[PDB]
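Just the one chain here, the form deposited in one PDB entry, laid out as structure tokens.
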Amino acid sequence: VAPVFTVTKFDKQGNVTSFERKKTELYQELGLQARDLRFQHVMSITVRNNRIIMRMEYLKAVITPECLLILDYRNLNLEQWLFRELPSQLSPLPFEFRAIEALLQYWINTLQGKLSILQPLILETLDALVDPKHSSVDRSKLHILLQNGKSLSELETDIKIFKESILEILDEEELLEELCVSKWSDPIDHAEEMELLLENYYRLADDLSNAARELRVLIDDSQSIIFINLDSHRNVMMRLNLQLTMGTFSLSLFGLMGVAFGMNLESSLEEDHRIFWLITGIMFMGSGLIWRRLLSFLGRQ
């Protein structure tokens, strides 16, 4: 079966149609070739034979001075935007400006929604983890944070790609003049409007990137604080265990003294009880004295 594109076409007035067209017929209808409608890059903006070709992560659009086309829209939840919002936006400037503005606004809104969803989850997770009232932390939250950080890195990469793609065009005036496809097809400055649009969208992308960077540095700082808190708790626990070990060692020393003195033989002291009381008191007090001296030795350190 020959390959076919699932195309949806928008007119200047906002009329909407949808069908499936073979690639060869689509090439013949336009002045393009299969070399162009390949979509080998994640993000791309290009001009060929007075036809604009734009592609995003999952969006593919072709702009013509009299119509717009979107390709491969199936199973992408684009129906609400396609059949409810885009016609309203497209309904004195040429069609190209409106189409470009609509597509860029859609992409920017998608990125903004992604960031707004990501931010509160990470903030809440970090606030919960940083709680210094617990000597341990959960791990499902750690896994969630790892996944959200991976998503944040992907979002940052996408934003950087968007910024680079826009900047590559904003630098050269040749591409800016090329985008004025209507002027060339059928010969107030278009260049100023295009520059304003691109600058606005680039600034928005820059703001999003700055926010993402702030979030990442916050994550790193939270990780460091968590490490410090865990280390402090470890040190406190070891101090307590050490002190108890000191007391136990002294107590066991005196207990050995007592039991060894309690040999199951003849010592010639079995006829005196005052001696037994004296040795009992001796062990009981000496344990405390040695314990206090050893605590002082620990303290001097």
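When you see a residue number, it is the position in the sequence shown, counting from 1. Throughout, rigid core stands for the largest set of C-alpha atoms superposing within 1.5 Å between the two forms.
Each structure in 8 other deposited structures of this protein is fitted to the shown form on the rigid core, and of 130-138 and 99-107 the C-alphas lie farther away on average for 130-138. Looking at 268-276 and 47-55, the one farther from the shown form in 8 other deposited structures of this protein by average CA distance, after a rigid core fit, turns out to be 268-276. According to the PDB entry, the deposited sequence contains 4 to 9 residues between residue 91 and residue 92 that lack coordinates. Per the record, residue 187 and residue 188 are separated by 4 to 9 deposited residues that have no coordinates.
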